[PDB]
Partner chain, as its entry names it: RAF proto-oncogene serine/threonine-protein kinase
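The chain below stands alone and is given in structure tokens; this is the form deposited without the partner chain.
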């Protein structure tokens, strides 16, 4: 193979890159090849049959090649925790970026829009993967102004074995909330929701108890942007991503050529630099 077989004797932790509900992420060295990677250890107790079925379902990641999807290196199981070795993005994810920034300005968000539309499009068309948890922490950035997606649901079983240990319940679309089977129209919703978040610099809904929220999302109408201070186009984009009825939501084709996308393509945004400025890179 490109990498052969991976065993965690070869890795030497370099720093901690962050962590969250389901584990921890280290920057690591792959001593025998030189490769710097990000290592993601997911603790799962499961019947071996079914962990090898996962460590193999993941090999599909090797045929994910796009400048908009984080790059894969392999996955091995070790003493309890399935490991996913992936490309290291020296700029953490937009969630860390939001913390430092406060808000992320519209123009930077149209570039992220492009990156997401396109990166979801790759996965949809080249591989029939729906993302499944599009949120700021799942969109990553590097000092080269690249913006890649990760933590999409490649492995049917990893998905299954994860639906018992609860999600970003908060980023789920209303239909998905009312029980519907995940559809792409849900990825879109969660994208929009993310953009609004990063635009406003906080979860865009009035603060309530978790259970109230879930019905709040099902019952009340969707977030919208403050309308004084964002282009009418942006407002439309987000809006179109956020129509509650999933049959009227805009889709990836219809989005790819929206006013706000086209305007953003044309635009010259030194995101790379903005970034190093913002988080001190």
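Residue numbers count along the first chain shown, from 1.
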Of the deposited residues between residue 125 and residue 126, the number without coordinates is none
If you average the Cα B factors in the entry, which is higher, 43-51 or 248-256? 43-51
The stretch carrying the higher mean Cα B factor in the deposited entry, 132-140 or 94-102, is 94-102
Per the entry, which of 228, 70, 242, 37 tops the list for Cα B factor? 228
Highest Cα B-factor in the deposition, which of 189, 76, 152, 203? 76
Can you tell me whether residue 156 has a C-alpha B-factor in the lowest, middle or highest third compared with the other modelled residues of the same chain? middle
Compare the C-alpha B factor of residue 194 with those of the other modelled residues in its chain, then answer lowest, middle or highest third. lowest
Rank-wise, by C-alpha B-factor, drop residue 169 into the lowest, middle or highest third of its chain. highest
According to the PDB entry, is the CA B factor of residue 107 in the bottom, middle or top third of its chain, that is, lowest, middle or highest? lowest
Would the CA B-factor of residue 219 place it in the lowest, middle or highest third of its chain? highest
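The form deposited with the partner chain bound exists for this protein as well; it is not shown, and the discussion that follows is about that form.
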Residue 214 versus the partner chain, in the bound PDB entry: is there a non-hydrogen atom within 4.5 Å? yes
Is there a non-hydrogen atom of residue 36 within 4.5 angstroms of a non-hydrogen atom of the partner chain in the bound PDB entry? no
Spell out, yes or no, whether the shortest heavy atom distance between residue 76 and the partner chain in the bound PDB entry is within 4.5 Å. no
Partner proximity in the bound PDB entry: residue 253 to the partner chain, non-hydrogen atom cutoff 4.5 Å: no
Tell me the stretch among 100-108, 152-160, 82-90, 67-75 that has any heavy atom within 4.5 angstroms of the partner chain in the bound PDB entry. 152-160
Residues within 4.5 Å of the partner chain in the bound PDB entry, restricted to 175-202 and counted by heavy atom: 176, 177, 178, 179, 182
